[PDB]
Each structure stands twice: as structure tokens, then as C-alpha cells.
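Heads up, the thing below is written out as C-alpha cells.
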Ligand SMILES: CCCCCCCC/C=C/CCCCCCCC(=O)O
């Protein structure tokens, strides 16, 4: 997990609108979200990880242990059951609610952090650079 730790800024995004649409996020919030460039902070204290996502629009913070289910309230106000694990060197976050599921996968490639979000048929790729 150590190579993911630090402060990351968004530098590219593909298909985030499709992803938000698939989740049912309304047009007005999609507008503002398409113009926001979040900062993601990942820190560890022992076996507890904390992931903060800061922007001018909304902010989120979750703390979890790898492999242990937790309740999460997402930025779009879903209440889901979450689990984060390390899989092939990727940080894999699975959210489940109402019989549905979405995955948020983070991998390090050439020193950049690539976040892939999948729900239904929609796939979004977001690229973060280390600050
Ligand atoms: C919460 C801080 C950034 C919020 C941006 C707008 C959110 C609007 C609704 C989004 C629903 C999908 C939630 C997950 C998106 C994560 C984006 C990222 O970490 O790159």
C-alpha cells in the first residue's frame, strides 16, 4: 500500500459524465462535477487507511481497514456497503447497494495514479499526478 500514500491532483478525466448518468446523478450536479479538479489524500496509521477527496464542490473522507466491510455514504448520497482490498497490486474498492455494485480501482502506472470507475456499461478513467 505504501506507494499509493500521498497527495494527488486530477489532471485528466474520460467519460465521467457517462458514469454519473448511470448512477442517476442529476444534470445540474453533473455540470459542476465536470469542471471540478479534486485533490485526493491517502494516509495510513497502522492498519487504518484514510482517503480524503477535497474540492470546491463537495468533500468526502472515509477510514477503513483492508478486507473489512464498512458503511459509506458517497458523494452522491448513496448509502452503500464497501470493502477495499489489494489485488494484483491495485487498490480495489467495491460498493454494493440495492442489489447493484460499482468498482473504483486504483493502479500506479509510470508514477501516475489511474482511477477506473465502472457501473453497468459505463467506464470512466481519471488520472491523478502526485503533488
Ligand atoms: C467528493 C469530491 C469530488 C466530488 C466530485 C463530484 C461528485 C458528484 C457525484 C459523483 C458520484 C460518483 C462518486 C465517486 C467519484 C469520485 C471522483 C474521484 O475521486 O475523482
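Computed from the coordinates by the stated procedures, all read-outs in this text should not be read as laboratory data. Note: ideal-geometry Cβ built from the backbone for every residue, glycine included; neighbour counts use all protein chains shown.
With each label modelled as a point 7 angstrom along the Cα→C-beta vector, the residue 41-residue 18 pair spans 3.3 nm. Calculated [222 nm] ellipticity per residue, helices only, for the chain: -3000 deg cm²/dmol; basis is -39500 (n - 2.57) per DSSP H run with n ≥ 4, divided by all residues, nearest 500.
Here the chain has an Rg and Dmax of 14.1, 41 Å, counting Cα atoms alone. Under the criterion of Cα pairs below 8 Å and six or more residues apart, the relative contact order for the chain equals 26 percent. Remark: spin-label model distance residue 3-residue 105 equals 1.6 nm, labels positioned 7 Å along the Cα→Cβ axis.
Distance between the C-alpha centres of the stretch 1-25 and the stretch 58-117: 11 Å, rounded to the whole angstrom.
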